[PDB]
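So this first bit is one chain, no partners, the form deposited in one PDB entry, shown in structure tokens.
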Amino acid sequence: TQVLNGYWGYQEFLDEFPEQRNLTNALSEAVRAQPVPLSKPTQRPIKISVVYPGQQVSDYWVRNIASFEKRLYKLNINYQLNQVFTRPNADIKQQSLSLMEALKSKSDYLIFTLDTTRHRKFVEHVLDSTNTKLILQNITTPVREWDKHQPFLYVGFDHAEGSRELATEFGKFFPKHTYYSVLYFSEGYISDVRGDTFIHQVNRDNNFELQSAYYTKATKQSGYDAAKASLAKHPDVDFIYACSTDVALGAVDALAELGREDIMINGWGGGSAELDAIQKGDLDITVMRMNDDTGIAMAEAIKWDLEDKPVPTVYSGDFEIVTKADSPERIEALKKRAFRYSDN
């Protein structure tokens, strides 16, 4: 069985290149531990450029840069940081003009958070035609096309890893042949790696039987609609697996309306809305990102590079399972860990 897909899985990559697993594990350990300052001072401050999407309602990227900068400081790395923002709805010509700002700084490291398919020309230009070291965020599955020359670092919270942790928990709690339904994201990548990964594992390890599955429009409304449609046609399920936050919270409302709170349901990601729902007992389980890990990891990778140590190609931040049985003390402790740098 050889899937002919253009990306390495995260675990697949670490298995194909065993030394990469050792490097990734060392980075994981350094990220959790207290800072160990740079042991090889630089003659000048390093130049870093970061490309973020503008006009974001969430503070995900604000926290990310806060965590990155704080770790650099605590590691005694002198730097000059240039931030570059693209307009999400602008066309490709306009965004590519904005990205010139990232090249004008003549960076030693360029951190890039935008989609690498849409902006493939830019990222391949950085790899093929510049002397900066490219760090990609929101991707943990190395591009096979770049096998001969990979970016300096890929970071993110791997979708398959998070989904497998959820599959393991569902597998422990429910007996073999348990009936379940799945609410996907919209058709595409997220549904493939969060949804079909989960289905594959619980079917293989626990013999669970999928009763129904629905693609959604990735909104609370569509998750609500899909849950109602699913339960009208397939009421005899013990849980629903949801691939995203808003979809899950829509299904939660559907469960309350139908008086089917006996059906267990998960979140995905563990943000503030989910954790509120967990504490109310509206969501039964979720997988929570330790947000600040990726910002800290990028700083540690740079440190190792400045110390002439080998740096892993890929890194996925830590996840923690959270359930409605967890105490408020436990959830607060997880929040403080996830935001250990970006808070305050």
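So that there is no doubt, residue numbering starts at 1 and follows the sequence shown.
Modelling of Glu165 is complete across the other compared entries in which both of its neighbours are modelled; not even a third of them leave it out.
For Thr140, the record comparison shows coordinates present in all the other entries of this protein that model its neighbours, with no third of them leaving it out.
Legend: mean Cα B-factor per stretch from the PDB entry, 310 to 318 versus 50 to 58; the higher mean is in 50 to 58. In this entry, the higher average B-factor at the C-alpha atoms falls on 74 to 82, of the pair 155 to 163 and 74 to 82. The top Cα temperature factor in the record, among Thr141, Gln137, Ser96, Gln221, falls on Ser96. When the C-alpha B-factors of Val247, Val182, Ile92, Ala254 are read from the PDB record, the largest value belongs to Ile92.
Looking at the C-alpha B-factors along this chain, the one for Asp225 belongs to the lowest third. Residue-level temperature factors show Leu283 in the middle third of its chain, judged at the C-alpha atom. Among all modelled residues in its chain, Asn266 ranks in the lowest third by Cα B-factor. When the modelled residues of the chain are ordered by their C-alpha B factor, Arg63 lands in the middle third. Per the PDB record, residue ranking by Cα B-factor puts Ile190 in the middle third of the chain.
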